[PDB]
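Here you'll find one protein chain in two forms, each presented separately as structure tokens under the names structure 1 and structure 2.
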Structure 1
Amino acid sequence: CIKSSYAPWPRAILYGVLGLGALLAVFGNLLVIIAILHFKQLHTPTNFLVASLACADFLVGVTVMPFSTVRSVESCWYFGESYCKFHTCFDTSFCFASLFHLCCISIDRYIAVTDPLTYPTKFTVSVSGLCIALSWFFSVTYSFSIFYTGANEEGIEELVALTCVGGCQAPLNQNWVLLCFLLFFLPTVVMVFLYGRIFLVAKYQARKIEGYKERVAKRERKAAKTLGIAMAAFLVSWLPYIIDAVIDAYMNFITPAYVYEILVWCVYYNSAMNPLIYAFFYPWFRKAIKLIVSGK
């Protein structure tokens, strides 16, 4: 439809800031899916969740990432109008599957920390399997039934570029934006509450071990930084988008297209940081990754 190219200034550093995320989310994730399969020591029921999250994130990195990069910098979608129906249905499922995987990971961590004695019996491969079969089903029966059937555009077509050629977007309407808001919100309160309880337990154990403020301070800092890193990496990536989505539906669609693409990448990018935080932050994973890179 000859839509305005909307080309940016020659400061095209964006390619070297957007493509690196795809390279990370592909290579560092494929290197994690191998360390859980080759080695026979990492076959624990709590590592299957991490492997499933890694696969769901590698799917994003290998399918949606590059096309999203091209669409965001060039603002013109040169890949055919056929894909627009499938591309918008891939990330909508994969990101929510990753969010629910994070929810079960937090639940698992809370169960392990709060209840250490009867941990093996209460959390087996089945529960790990059950967690995986629910999140995926959840990310598939929402994305397909809300986005593929085109039931999210029942009234709003005033965003001149859904009514064009070569334009693809996800303009949630008034009714279904509340459903999306709840989806993102439900698995966040539980995770925050569980991490708060874990931090309180860690502080109590640090208090018990010593006995001196100068000594408890280091333990508190150590126990708080690990949780805060994950909390920030999740919130500052997911929050920006949901806020924008909730504000244009009830609001009369005021949002320049040159920022919406930037905002979406904020949710996407959480993909490049998820494996580097949940896998590489530990000694064991860091040894296996080192061995895989080497000849052996």
Structure 2
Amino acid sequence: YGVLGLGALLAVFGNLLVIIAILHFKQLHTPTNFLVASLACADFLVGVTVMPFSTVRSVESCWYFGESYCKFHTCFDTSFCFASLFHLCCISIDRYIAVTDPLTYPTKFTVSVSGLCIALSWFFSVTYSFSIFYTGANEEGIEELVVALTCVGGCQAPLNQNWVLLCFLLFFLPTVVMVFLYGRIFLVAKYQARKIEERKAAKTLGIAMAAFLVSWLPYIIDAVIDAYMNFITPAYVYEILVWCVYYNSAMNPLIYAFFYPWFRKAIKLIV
């Protein structure tokens, strides 16, 4: 309790605002703002469904809720905890189309396209997960899986070497697009501040890239190499690693849709 409970409140209280204040307000019905709503829905579902159950799992060091719960609790965690990354990847593509190609931003980014990004971000991130935890492709060698995971108790979704690389590659692509489309923007926003005569572009892009890298990267990096160098990593030093991505999902509605003044201005008209 304590720290873990606070992260659950933020992931729902700080996220309910974004999903409530888009549907009700017709001033914010822009196609780019519907992607933020879908991202908010995914983060809210993380906060309501997977986080409370994983809270007790990390404080009792055992899966009290049977085995079906586990066979199920893991798969959707991997499913729509990795669906938060695709939304960031697509928001990056948004910014890139807005800035690099400014003449045709409303032409290419209609609602029809922002509706095709949500379906991809929601269905693809799920069909690959549910085909790994249930079908049994997650573990090609189960003899080592049983001793470390089942007999002691608890669930940590260990991955074998052949398939752990695939897990990594569904974080590399959501990350390679984010940095490549923010490296170019940093330069473009640099040459245009010198043209007027920079300070703000570096600060804004820094936060939008450090928040993602400081949370998702450390956990996945330690989770991809643990299928090669045996499993020397202690189980107790893994709870913080799984909670980092939960932390990231709590701050998301704060870096996006909260750091911009066009949203605070529209939401300040409550009274």
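Throughout, rigid core stands for the largest set of C-alpha atoms superposing within 1.5 Å between the two forms. Residue indices: 1-based, along structure 1.
Q: With the core superposed, find the residue in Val113, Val192, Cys76, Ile105 that moves its CA 2 Å or more between the two structures.
A: Just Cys76.
Q: Does the distance between the two CA positions of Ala151 reach 2 Å or more between the two structures, the core being superposed?
A: Yes; that C-alpha moves by at least 2 Å between the two structures.
Q: Comparing between the two structures on the rigid core: C-alpha of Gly166 shifted by 2 Å or more?
A: It does, since the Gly166 C-alpha is displaced 2 Å or more between the two structures after the core fit.
Q: Would you say whether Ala288 is displaced between the two structures, judging by a C-alpha shift of 2 Å or more on the superposed rigid core?
A: The answer is yes; the displacement is at least 2 Å.
Q: In Å, how large is the CA movement of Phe90 between the two structures relative to the superposed rigid core?
A: Its alpha carbon moves by 2.2 Å.
Q: With the two forms matched on the core, what distance in Å separates the two CA positions of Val50 between the two structures?
A: Here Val50 registers a C-alpha shift of 0.3 Å.
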